[PDB]
Amino acid sequence: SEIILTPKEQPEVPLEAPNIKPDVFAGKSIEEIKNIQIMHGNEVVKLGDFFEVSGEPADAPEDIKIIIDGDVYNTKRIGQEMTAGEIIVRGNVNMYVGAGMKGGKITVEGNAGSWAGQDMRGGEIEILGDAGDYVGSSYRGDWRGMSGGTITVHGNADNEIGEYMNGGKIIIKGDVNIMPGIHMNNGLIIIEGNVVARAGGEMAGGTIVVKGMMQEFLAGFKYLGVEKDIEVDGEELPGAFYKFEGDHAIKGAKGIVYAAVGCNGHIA
Amino acid sequence: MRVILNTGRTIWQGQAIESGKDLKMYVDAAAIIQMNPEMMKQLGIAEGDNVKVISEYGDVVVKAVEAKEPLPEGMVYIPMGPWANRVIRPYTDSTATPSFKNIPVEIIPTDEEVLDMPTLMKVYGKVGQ
Amino acid sequence: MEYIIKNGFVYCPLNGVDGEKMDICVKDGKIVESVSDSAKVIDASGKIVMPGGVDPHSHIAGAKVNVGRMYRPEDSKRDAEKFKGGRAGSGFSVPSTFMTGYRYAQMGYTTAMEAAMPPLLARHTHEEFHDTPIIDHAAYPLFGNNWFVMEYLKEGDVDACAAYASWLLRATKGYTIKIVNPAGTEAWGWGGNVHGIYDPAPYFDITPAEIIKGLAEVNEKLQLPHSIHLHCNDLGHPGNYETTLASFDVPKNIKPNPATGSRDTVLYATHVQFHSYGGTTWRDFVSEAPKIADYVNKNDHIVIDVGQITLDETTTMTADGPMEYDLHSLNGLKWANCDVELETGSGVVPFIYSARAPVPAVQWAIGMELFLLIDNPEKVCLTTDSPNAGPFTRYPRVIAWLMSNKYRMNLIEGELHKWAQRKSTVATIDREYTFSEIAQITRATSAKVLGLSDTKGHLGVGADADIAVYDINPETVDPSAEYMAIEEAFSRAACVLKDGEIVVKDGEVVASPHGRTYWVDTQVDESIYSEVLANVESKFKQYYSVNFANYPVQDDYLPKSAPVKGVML
Amino acid sequence: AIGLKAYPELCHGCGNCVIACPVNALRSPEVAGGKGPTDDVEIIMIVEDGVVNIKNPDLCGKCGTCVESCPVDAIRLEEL
Amino acid sequence: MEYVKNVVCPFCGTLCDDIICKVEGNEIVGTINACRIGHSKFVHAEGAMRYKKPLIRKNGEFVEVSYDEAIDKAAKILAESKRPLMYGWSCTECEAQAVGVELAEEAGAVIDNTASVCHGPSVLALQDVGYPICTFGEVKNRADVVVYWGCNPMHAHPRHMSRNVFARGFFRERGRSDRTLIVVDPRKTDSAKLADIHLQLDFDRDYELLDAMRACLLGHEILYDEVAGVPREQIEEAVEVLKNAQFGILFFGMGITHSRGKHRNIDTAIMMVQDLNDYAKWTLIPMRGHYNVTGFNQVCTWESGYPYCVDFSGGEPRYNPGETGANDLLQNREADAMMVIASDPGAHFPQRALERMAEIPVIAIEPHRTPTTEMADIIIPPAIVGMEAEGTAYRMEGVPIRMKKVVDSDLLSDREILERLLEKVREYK
Ligand SMILES: Nc1nc2c(c(=O)[nH]1)N[C@H]1C(S)=C(S)[C@@H](COP(=O)(O)OP(=O)(O)OC[C@H]3O[C@@H](n4cnc5c(=O)[nH]c(N)nc54)[C@H](O)[C@@H]3O)O[C@H]1N2
Ligand SMILES: Nc1nc2c(c(=O)[nH]1)N[C@H]1C(S)=C(S)[C@@H](COP(=O)(O)OP(=O)(O)OC[C@H]3O[C@@H](n4cnc5c(=O)[nH]c(N)nc54)[C@H](O)[C@@H]3O)O[C@H]1N2
Ligand code: SF4
Ligand code: SF4
Ligand code: SF4
Ligand SMILES: [K+]
Ligand SMILES: [K+]
Ligand SMILES: [K+]
Ligand SMILES: [Mg+2]
Ligand code: NA
Ligand SMILES: [S]
Ligand SMILES: [W+6]
Ligand SMILES: [Zn+2]
Ligand SMILES: [Zn+2]
């Protein structure tokens with residue numbers, strides 16, 4: 001059930017550890033888990049070289065709970081493409097945590113780097129601290145991005161959250177910087193704090209809700225008025241929101257930005 | 001004074017880099033800050049006077065110069081180079097490209113001297129290996 | 001080195017050998033009658049032996065190809081490799097150069113032609129060739145929208161156009177006169193196009209028909225090894241089959257005249273799948289491959305290649321600028337463009353040929369109809385207009401489809417949209433290609449029509465030692481039922497030799513020699529030649545953006561220059 | 001008299017004046033098409049050692065086109 | 001004195017190939033047709049340090065070594081490195097860039113060029129939405145409307161306007177009079193002074209202005225009565241100028257890659273140019289900086305599949321700008337060694353990256369004295385491409401032109417230095 005990884009001193013040259021996920025840990029003894037391959041720069045190494053490993057094995061990934069009992073700020077790709085189980089990180093992570101995720105749950109108790117939940121398909125990611133750029137984003141050049149799952153960031157995020165989103169749900173309880181929902185096609189973004197600029201830049205569909213203040217917005221949106229008591233993607237939101245449709249710089253755009261009335265009179 | 005710092009090219013700094021960045025020419029062309037004459041008056045400085053530029057990310061001393069390419073109100077121009085790059089915003093926003101242009105800085109007159117090219121680099125404190 | 005290839009079932013259509021068990025002898029990069037008793041042996045028992053494949057039409061080297069690579073990093077992430085003996089690479093649909101040569105080699109191909117080179121960008125094509133292992137190669141410079149060609153051909157001055165072409169083939173180190181959407185791409189320089197073969201370009205006031213006719217006359221006047229290589233107007237439009245058949249007739253009464261090779265056809269029509277469409281809109285879109293196939297059967301002046309849909313997510317890249325903008329308009333996907341001054345245009349768009357979708361379903365059917373309704377394989381070559389209809393890595397799957405009506409009906413009756421049955425006749429065609437007809441459309445027809453059948457496309461004495469051994473036993477395996485064994489076997493050749501040296505063994509690349517660059521050497525009356533070169537240099541001074549002295553490709557770009565002579569003195 | 005005068009210390013070598021000049025254009029097709037002259041030609045001015053350089057001031061008709069094209073007032077029509 | 005004609009200039013992406021070099025002895029003493037910058041590269045400035053031998057820092061002081069000793073230690077450093085950065089490339093020729101790709105492969109390195117500090121955001125943008133371009137000659141002979149968006153060619157591509165705007169072309173035989181010239185820049189630059197229309201917009205708001213322009217273009221109403229400091233009604237009048245073009249060209253530069261939004265400023269610019277083609281022929285060209293920055297992105301793309309920020313650590317190539325970019329590796333302290341060639345990140349990286357350069361072994365394949373050599377551990381001087389060494393370079397819109405060798409040099413070329421560096425790196429591994 002519970003498998004404990006205690007990090008050793010983290011290296012300046014970061015680690016890539018896609019193989020830290022329940023799917024790989026399943027059916028392995030503690031000794032075999034120590035011998036799992038991870039990368040350390042341009043060198044292939046063993047997970048045991050940077051982590052103490054304890055706990056009890058299990059045969060199915062559903063029953064496996066990985067907890068990283070320490071800061072791993074310089075390890076990338078943890079939980080990448082995991083289908084089931086749970087990961088708990090008692091500290092910070094680097095980039096790509098849960099990238100390509102299909103199922104299960106990851107909880108990061110500190111900060112996360114960029115591309116957290118990139119190309120997410122299913123499952124849940126929850127980050128108790130701050131996140132970087134490109135939460136739930138796509139990959140370079142691809143027009144098909146995140147299609148399912150839920151990402152919850154309790155702190156702040158930076159740029160291009162939900163880039164090319166095509167499904168799923170992202171919730172930022174804090175503030176974001178610029179261009180949340182850039183090129184969005186489908187899905188739901190809820191920003192409970194503030195937005196600096198360009199919410200919904202070049203979106204074609206989907207829904208963005210901003211409960212705080214947007215300092216700037218975009219002239220390609222048509223203002224539709226005010227809506228109360230909004231139901232979107234199974235979430236009920238109280239209060240009134242200014243309603244915008246765009247981004248009409250894009251042909252056939254049907255995206256929706258909702259902005260809370262209390263702090264967005266200058267946007268109307 | 002709070003101002004907007006913009007950076008980029010000038011033929012004089014282009015001539016200078018292909019002449020030699022070890023040359024005096026390069027300090028004269030790149031260790032400068034271009035200002036509207038009205039801004040120089042408000043700050044109480046003349047061409048040739050030195051300016052201390054401070055930002056969230058660093059600080060530098062540059063020679064004040066009258067902009068012959070007029071600037072918007074509140075903006076200054078430092079040509080690309082290590083002086084400008086003491087103060088501009090390093091973060092790339094996960095693009096790999098820093099924010100070299102349009103950075104809030106504080107400028108104030110100073111009698112300190114402009115650092116020449118090898119002296120400027122010493123602040124980064126290169127350790128041999 | 002000396003090699004003896006023993007006890008293989010040899011298929012060599014040019015020498016009329018049809019599965020006979022037979023030894024092939026090799027000496028210093030050539031096929032010879034006999035070798036010493038010390039020659040090292042390659043055991044081909046229970047295996048097929050063919051000449052190295054010869055691809056007459058692929059997009060593998062040049063600017064438009066590299067834009068497809070650069071602006072599709074998602075395509076590389078899909079398929080990235082590093083075989084530790086060799087160079088890293090990536091790209092499912094548009095592979096990098098080292099990956100490109102490895103994979104032609106893995107499937108037993110030893111010669112592949114780049115089909116569209118913008119003359120001003122010719123250095124780029126040749127630079128990418130140098131980083132393309134194994135295969136011998138050549139590049140087709142583009143002529144159908146060239147300012148000099150349009151100006152000379154309107155005045156009826158075909159000899160001056162032939163002098164220009166002679167200069168251009170030498171300056172770009174090119175091999176054939178390639179024509180793409182003649183007059184239409186110049187019309188796209190202002191955002192337009194031409195419709196039908198009698199619709200002139202802006203200003204230049206010359207028709208596609210006159211461009212096609214004049215360049216065919218030029219082609220045989222220069223005695224080039226290959227014929228004109230025609231990509232028709234009105235590509236990819238419902239109802240365009242009539243523009244295609246009309247185009248096919250334009251050069252019919254021009255008589256072939258190669259100085260090198262055995263080519264006996266004046267017209268080469270490329271990826272004809274895209275030119276065989278009926279209907280009037282996409283909603284009443286219907287296959288017209290029977291009429292197209294029937295024209296080819298009855299006519300003796302034309303060779304075609306099909307441009308077979310492989311039902312993949314791929315990348316389209318063409319010198320047909322206006323057509324790609326239309327394609328971007330339909331599917332909304334990222335679009336690249338490059339108009340090349342005085343010479344050509346180009347466009348790049350991804351396309352998803354989903355088997356579920358009705359239009360790609362009919363497109364797949366049309367190509368199968370072309371392969372199967374054409375009686376004589378000597379008139380057809382196996383192509384995917386790589387990557388336009390699919391990556392060349394899918395030639396084995398195309399082979400598998402042709403050798404097995406089981407494979408086809410399995411796809412027709414499940415996955416393929418119903419429109420493949422409703423809007424074509426593929427389902428009623430149970431013809432199956434034999435191993436001899438496969439070697440004909442993947443080796444012999446291409447080698448012959450390109451003017452290389454002296455040294456390429458056959459296993460006889462005098463040929464280059466370009467040889468493919470496929471681990472499949474025609475006496476023991478049924479191609480119709482075991483279609484997945486056909487596909488897998490043609491993908492990963494047991495043994496491949498390139499100029500007598502082993503370069504692939506059991507699907508693995510084991511050596512990385514550089515191939516030759518075939519280009520065309522022609523000589524024209526010195527007086528007309530000088531006059532044309534004086535005219536060419538005057539426009540360079542006025543209208544080009546580079547200087548005349550810097551334009552032609554320097555000899556440093558051809559480490560392995562292999563000139564082929566057209567008309568001399 | 002009013003005549004052509006160069007201020008090379010302000011000059012960029014950008015070539016706008018050389019190309020804009022109709023006397024230059026008429027005499028050198030390369031200049032008319034925006035290139036610096038490569039063939040030997042006698043024209044009013046060229047860019048040499050990185051700056052504008054007057055070679056045949058007698059051919060200048062004082063029309064003013066080059067001046068319009070110079071953004072940094074490096075070539076002028078003034079006394080002498 | 002002898003005059004060498006048809007020389008290609010090795011400075012900026014204009015890549016002029018009509019330079020005349022004046023050669024005295026074995027030395028280039030003057031130029032014709034080259035602008036003030038190009039001339040400055042060809043000719044030696046008095047008092048300027050041109051390293052004639054390799055050097056190594058023995059703490060404190062630099063000492064002259066042999067080529068074999070310098071390349072020797074350089075190979076040690078890269079072989080032992082677990083995250084080496086191979087950065088620069090833009091001011092050397094394509095054959096050397098190809099060797100660098102193979103060497104980055106051999107060392108498991110990240111290879112990256114100046115695109116990551118330059119038109120990188122245009123690369124990211126074109127990968128997402130497209131790349132509709134043309135060559136210089138179509139502009140000269142067809143262009144009806146010429147826009148310089150966030151670039152200042154009078155100072156950065158000095159001959160760019162004279163060759164593409166003032167030039168008399170086939171369909172534009174009146175040159176400058178046949179073209180509407182537009183410049184978009186928050187400053188009144190010397191390029192803006194020549195414009196018929198100058199949008200002196202608010203800095204950092206191009207993305208907003210372009211959003212209004214495209215919404216207008218597609219028939220929609222512009223929400224606010226002023227955008228990026230530009231009145232609503234002119235947005236519409238400017239959109240009308242572009243729609244009525246017979247042939248329009250959008251030249252854009254660092255004012256739009258370095259500004260807020262970075263790659264997304266290029267993104268929206270590209271998509272507007274695309275959509276304008278339903279009303280008028282329109283195309284764009286990035287004003288790429290160095291004479292062969294474009295060439296590296298070409299070479300690296302065709303050999304590996306990716307244009308820059310290419311990391312071979314895992315054997316296969318991988319590509320993530322923002323992770324695998326020169327400034328990412330330095331500022332995140334990932335790089336444990338860095339090799340510089342034909343570039344000056346000491347002068348032109350931000351403070352935060354320089355602090356990391358202070359902590360790691362830095363190799364510099366460099367002919368002149370620079371802020372990078374002041375931060376370097378090993379200095380290896382080469383023959384300079386375009387003057388003492390030949391090879392292919394790529395102009396800003398992809399046109400390949402071969403750089404010429406005008407005078408001889410006793411120093412090794414970059415290509416030879418890199419081929420020896422690669423041979424030894426293998427000996428190590
Ligand atoms: N002299 C010289 N010439 C060079 C070089 C050099 O170092 N010196 N280097 C070369 C290189 S590497 C390059 S990339 C090119 C670069 O050529 P350019 O693209 O011209 O680069 P910059 O001069 O840095 O900046 C261009 C303009 O953008 C403006 N700008 C600032 N903020 C904004 C904004 O928010 N919006 C808009 N629209 N504009 C803004 C600035 O005022 C500046 O005039 O030059 C090349 N040529
Ligand atoms: N604040 C601010 N910072 C910036 C910019 C800005 O606008 N503002 N612009 C950014 C941009 S776009 C860029 S590209 C960078 C500048 O990019 P850099 O590459 O730093 O440009 P240079 O400083 O000209 O450096 C080129 C070097 O190559 C050397 N060189 C010349 N020929 C050869 C050769 O044949 N071989 C070799 N090995 N070397 C040779 C030259 O001596 C010179 O030192 O600055 C960036 N930094
Ligand atoms: S003069 Fe004004 S224009 Fe003629 S070159 Fe010197 S600068 Fe460019
Ligand atoms: S003045 Fe009129 S003529 Fe004399 S130069 Fe300047 S332009 Fe050519
Ligand atoms: S323009 Fe760019 S290239 Fe042509 S010269 Fe002045 S610098 Fe060298
Ligand atoms: K690619
Ligand atoms: K079916
Ligand atoms: K110099
Ligand atoms: Mg993307
Ligand atoms: Na053509
Ligand atoms: S650059
Ligand atoms: W640059
Ligand atoms: Zn074609
Ligand atoms: Zn083709």
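Letters A, B, ... mirror the listed sequences (proteins, then strands); counts begin at 1. The analysis underlying the following values was restricted to heavy atoms, covering all of them including side chains, and did not include hydrogens, waters or symmetry mates. All ligand and atom numbering here is 1-based and tracks the order in the structure.
The aromatic rings of C:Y543 and E:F170 lie perpendicular to each other, with more than 60° between the two planes, well past the 30° mark. The aromatic rings of C:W419 and C:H417 sit perpendicular, their planes meeting at an angle over 60°, well past the 30° parallel limit. Below 30°, between 30° and 60°, or above 60°: for C:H57 and C:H229 the angle between ring planes is between 30° and 60°, a tilted geometry. The aromatic rings of C:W167 and C:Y551 sit parallel to each other, their planes meeting at less than 30°, with 60° as the upper class boundary.
Of the residues listed (C:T243, C:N240, C:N181), the one engaging C:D234 in a side chain to side chain donor-acceptor pair (under 3.5 Å) is C:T243, and it is the only one. For the side chain to side chain donor-acceptor pair (under 3.5 Å) with E:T14, the lone residue among E:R163, E:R159, E:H157 that qualifies is E:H157.
Residue-and-atom listing of protein N/O/S atoms under 3.4 Å from the K ion (ligand 7), sorted by chain and number: C:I412 O, C:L416 O. For atom 8 (Fe) of ligand 3, protein N, O or S atoms closer than 2.8 Å were enumerated as D:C14 SG, with waters left out.
Counting heavy atoms of neighbouring residues, nucleotides and ligands inside a 6.0 Å radius, atom CD of D:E42 does not exceed 12 of them.
With a 4.5 Å cut-off on side-chain heavy atoms, C:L235 and C:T318 do not count as touching.
Aromatic pair E:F251/E:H160: ring centres closer than 6.0 Å.
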